[PDB]
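Participant: Submitted below is the structure of interest, expressed as structure tokens.
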Amino acid sequence: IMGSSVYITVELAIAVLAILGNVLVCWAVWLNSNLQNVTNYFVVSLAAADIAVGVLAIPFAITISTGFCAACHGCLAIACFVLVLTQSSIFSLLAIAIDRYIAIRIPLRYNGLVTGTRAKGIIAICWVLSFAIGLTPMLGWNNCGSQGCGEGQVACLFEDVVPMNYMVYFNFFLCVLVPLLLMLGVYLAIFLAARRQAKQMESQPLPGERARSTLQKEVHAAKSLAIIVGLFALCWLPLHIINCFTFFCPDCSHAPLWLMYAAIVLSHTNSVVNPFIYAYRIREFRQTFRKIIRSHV
Amino acid sequence: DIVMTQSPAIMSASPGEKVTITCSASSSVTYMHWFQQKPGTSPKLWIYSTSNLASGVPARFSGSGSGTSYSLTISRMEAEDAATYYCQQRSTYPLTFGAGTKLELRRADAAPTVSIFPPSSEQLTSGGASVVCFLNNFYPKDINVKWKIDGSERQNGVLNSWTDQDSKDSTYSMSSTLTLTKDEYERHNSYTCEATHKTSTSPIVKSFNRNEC
Amino acid sequence: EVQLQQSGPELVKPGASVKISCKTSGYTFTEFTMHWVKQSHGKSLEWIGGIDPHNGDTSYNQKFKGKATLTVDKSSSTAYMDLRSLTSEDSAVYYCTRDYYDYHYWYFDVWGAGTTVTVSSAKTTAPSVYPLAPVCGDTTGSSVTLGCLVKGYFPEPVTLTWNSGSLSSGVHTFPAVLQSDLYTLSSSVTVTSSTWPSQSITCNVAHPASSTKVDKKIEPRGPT
Ligand SMILES: CCNC(=O)[C@H]1O[C@@H](n2cnc3c(N)nc(/N=N/c4ccccc4)nc32)[C@H](O)[C@@H]1O
């Protein structure tokens, strides 16, 4: 009972922290007019996705940690729900990274690429892809298509209902690997651009405000994307690596339950850590946060 | 720091002639700028980043160079291009310019026109006496003036002034004024100035006698 | 249309100080740094320093440190240079330039008209103008040349025109020469032999320093 109790406590604490941080970000963007733009719109969409993860995905994952005898398809649907919510969070983060890449490396077309309803279109595409990938097991690609309980009912654990081939070849590659590679490429491009600008400017004392602004924006974006990529990888890679070596290592010792709990809580900590750290990197966000806190008190 | 040495310091070129002027750097430089300045006017950007023509610069101008040596060239010389050109460096501070290259327009030779002027009555009333000799519209620059008083040369108290190359004639003019006191001017009769030039086998002589006026 | 409007001429005595202005227009003033260049005796371009109008950062040439101080008026979109403890060496022409950023390198894009600063304690004196009629003699064929002498004035410049600018071509005004704190300038105008003395040719000399306007009509010489 001790392990289950501590796991549930950690999961609920993560959910509450994600809820608080993301509602704070949304409140700050709603209040300040100087915070209302496309990048903050993507940040708010990611924050809402993380709110959904904390309210729904985390309690649902706790529900699949029980193992009580229940219908196979209901628990398959719950697992697909948590999958869809995590997909939405990851795709919103990728959208923010793409917005930063367009802003930094494509300044002239930026107003013509992401402004207007195109941001809503991109968010809708992210959610559609999330639902499509997360609801593929419901099309018959599942184990129930095996006698923990019997006659349709099973012990509701994630691996009992969700096949591993989908989790490795499909979920790990398209959802956790491809966005990670894209974010790494964007970070590398912005880092190289920033260091090229710095090397160009270092020869001259007293540079123009134009060059100073360019270097400032490039460095800030590069460090923000470094933080984003590092946190995303640290949170998501362990669990999917565990899945990969469960699928590829036959009869090898299945990961001890504490390791599985740690991987799950890290994957959920992704949703609370992003994009609050990114928001705190901007002076306006933290100024608004402090003003709201002072007004409340 | 760094030193910019330009060559040639002074140059003349016929219209249509290809002209290349160089700019030597004491140490290696990454970029070289070029500024064209005409007399009486501020310098204007001509070539930036060692190859790029500024706005309004004709395509006949080209820029080149790297490291120590840099240069700009004119495909065919035009009369509008007679000016002074400076090369600027901004690799190692402080910024250093070049001494500049005065570019002149080569012309057909022309004999000077010499006129002499006795001192006016107003200057005589003031105790002064200046005789002015004007040498105008000649090419090339080299010229000499000799003052003779009563058959003997006088090198005392002469003032020589030279104009720059004329905007239209592209010629040169020289003013030579010999200043004396009224008593010594009234102490002599004959005054003359002679102009020796390559365009005449004998010097051009203009003279007057004070006994007339 | 990017323009840099500089101050007017400044005649000052040794030990004094001057503040040259540079009024910018046609571009976002704070986006590009302003630099000042001194040209002394002609054909000697020296970089004084630069100032960033956005944050006030400055980088000076160590030669001119303490001599020139660069300030900026962001509201008025103007740049100033203060030249303190002036001597005769500081007498030169000073320019202000805009240091444009091409996203690849830097260059002086637009140059100001320039300001002439002359420093000397020499006494300001009005010119003495003597008209130079041609030698009595006779008209030597094609054309006749007339002269006008400006003796003993200070300081430069002095504007000389013939018939108040009606005669432009055929005029040779020569650079002035100093003889113990006094300039001397002469001008020659050549016209057709049928014009003079039939028409009136006068010499218009103006000295803004002493605020004197004098016109000397050139007439045939009488007995001496
Ligand atoms: C964008 C991709 N989304 C996700 O990876 C999200 O789905 C969940 N998840 C994914 N793969 C999983 C796996 N192999 N095992 C488990 N639980 N095992 C248990 C064993 C014993 C007692 C309790 C539990 N959970 C998994 C998790 O919530 C993660 O954030």
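Naming works like this for the structure tokens: A, B, ... for the chains as they're shown, residue 1 at the start of each chain, ligands 1 onward in shown order.
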Throw together the list of residues within 7 Å of ligand 1, counting only C-alpha atoms and all ligand atoms, and drop it here as a PyMOL selection string.

Facilitator: chain A and resi 58+61+64-66+79+82-83+86-87+90+157-159+167+171+175-176+239-240+243+257+260-261+264+267-268

Participant: Mind running chain A against chain B at 12 Å and telling me each contacting residue's nearest atom pair with the distance in Å (one decimal), counting only C-alpha atoms, chain and number ascending, as CSV?

Facilitator:
residue,atom,partner,partner_atom,distance
A:200,CA,B:91,CA,11.2
A:201,CA,B:91,CA,11.1
A:202,CA,B:91,CA,10.5
A:203,CA,B:91,CA,6.7
A:204,CA,B:91,CA,7.3
A:205,CA,B:93,CA,8.3
A:206,CA,B:93,CA,11.0
A:207,CA,B:90,CA,12.0

Participant: Okay, now the selection with C-alpha atoms, as a compact mmCIF listing (two decimals), in the first residue's frame?

Facilitator:
# COMPACT_ATOMS: atom_id res chain seq x y z
CA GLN A 200 30.28 39.26 -36.55
CA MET A 201 29.65 41.92 -33.90
CA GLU A 202 32.65 41.20 -31.64
CA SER A 203 35.07 43.02 -33.97
CA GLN A 204 33.30 46.39 -33.60
CA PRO A 205 32.77 48.31 -30.38
CA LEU A 206 29.60 50.39 -30.25
CA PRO A 207 27.31 48.44 -32.62

Participant: If you count only C-alpha atoms, which residues fall within 12 Å of residue 169 of chain B, apart from same-chain ones fewer than 6 positions away, as a ChimeraX atom specification?

Facilitator: /B:79,105-110,136-140 /C:169-172

Participant: Report the distance between atom CA of residue 22 of chain A and atom CA of residue 131 of chain A in Å, rounded to one decimal place.

Facilitator: 21.8 Å

Participant: I need the chain A residues near chain C as an MDAnalysis selection string; criterion: at most 6 Å, counting only C-alpha atoms.

Facilitator: chainID A and resid 208:210

Participant: Save the residues we just selected, C-alpha atoms, as a CSV table (one decimal), in the first residue's frame?

Facilitator:
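Okay, again.csv is ready:
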chain,number,residue,atom,x,y,z
A,208,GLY,CA,23.9,49.6,-33.8
A,209,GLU,CA,20.7,49.1,-31.9
A,210,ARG,CA,19.6,46.9,-34.8

Participant: Taking only segment 59-193 of chain B into account, list the residues labelled alpha helix (DSSP H) by DSSP (computed from the backbone), as a PDB file with N, CA, C and O atoms, in the first residue's frame.

Facilitator:
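part06.pdb was written with the following content:
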ATOM      1  N   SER B 121      44.195 104.424 -57.451  1.00  0.00           N
ATOM      2  CA  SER B 121      44.388 105.695 -56.760  1.00  0.00           C
ATOM      3  C   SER B 121      43.967 105.611 -55.299  1.00  0.00           C
ATOM      4  O   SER B 121      44.519 106.326 -54.455  1.00  0.00           O
ATOM      5  N   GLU B 122      42.993 104.753 -54.982  1.00  0.00           N
ATOM      6  CA  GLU B 122      42.569 104.598 -53.594  1.00  0.00           C
ATOM      7  C   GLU B 122      43.695 104.045 -52.731  1.00  0.00           C
ATOM      8  O   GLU B 122      43.906 104.505 -51.603  1.00  0.00           O
ATOM      9  N   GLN B 123      44.428 103.052 -53.242  1.00  0.00           N
ATOM     10  CA  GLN B 123      45.527 102.478 -52.473  1.00  0.00           C
ATOM     11  C   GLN B 123      46.674 103.470 -52.324  1.00  0.00           C
ATOM     12  O   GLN B 123      47.336 103.507 -51.281  1.00  0.00           O
ATOM     13  N   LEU B 124      46.921 104.282 -53.356  1.00  0.00           N
ATOM     14  CA  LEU B 124      47.961 105.302 -53.264  1.00  0.00           C
ATOM     15  C   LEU B 124      47.632 106.325 -52.185  1.00  0.00           C
ATOM     16  O   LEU B 124      48.524 106.788 -51.464  1.00  0.00           O
ATOM     17  N   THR B 125      46.355 106.695 -52.061  1.00  0.00           N
ATOM     18  CA  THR B 125      45.944 107.608 -51.000  1.00  0.00           C
ATOM     19  C   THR B 125      46.188 107.006 -49.622  1.00  0.00           C
ATOM     20  O   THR B 125      46.406 107.741 -48.650  1.00  0.00           O
ATOM     21  N   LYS B 182      54.244 103.637 -51.120  1.00  0.00           N
ATOM     22  CA  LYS B 182      53.983 104.647 -52.140  1.00  0.00           C
ATOM     23  C   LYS B 182      55.266 105.345 -52.577  1.00  0.00           C
ATOM     24  O   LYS B 182      55.442 105.646 -53.764  1.00  0.00           O
ATOM     25  N   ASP B 183      56.170 105.618 -51.633  1.00  0.00           N
ATOM     26  CA  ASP B 183      57.394 106.345 -51.964  1.00  0.00           C
ATOM     27  C   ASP B 183      58.280 105.545 -52.913  1.00  0.00           C
ATOM     28  O   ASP B 183      58.805 106.089 -53.892  1.00  0.00           O
ATOM     29  N   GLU B 184      58.461 104.250 -52.641  1.00  0.00           N
ATOM     30  CA  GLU B 184      59.316 103.445 -53.507  1.00  0.00           C
ATOM     31  C   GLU B 184      58.640 103.138 -54.838  1.00  0.00           C
ATOM     32  O   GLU B 184      59.325 102.996 -55.857  1.00  0.00           O
ATOM     33  N   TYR B 185      57.309 103.026 -54.852  1.00  0.00           N
ATOM     34  CA  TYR B 185      56.606 102.865 -56.121  1.00  0.00           C
ATOM     35  C   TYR B 185      56.746 104.109 -56.988  1.00  0.00           C
ATOM     36  O   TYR B 185      56.968 104.006 -58.200  1.00  0.00           O
TER      37      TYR B 185
END

Participant: What separation in Å, quoted to one decimal, exists between atom CA of residue 128 of chain C and atom CA of residue 120 of chain B?

Facilitator: 11.9 Å
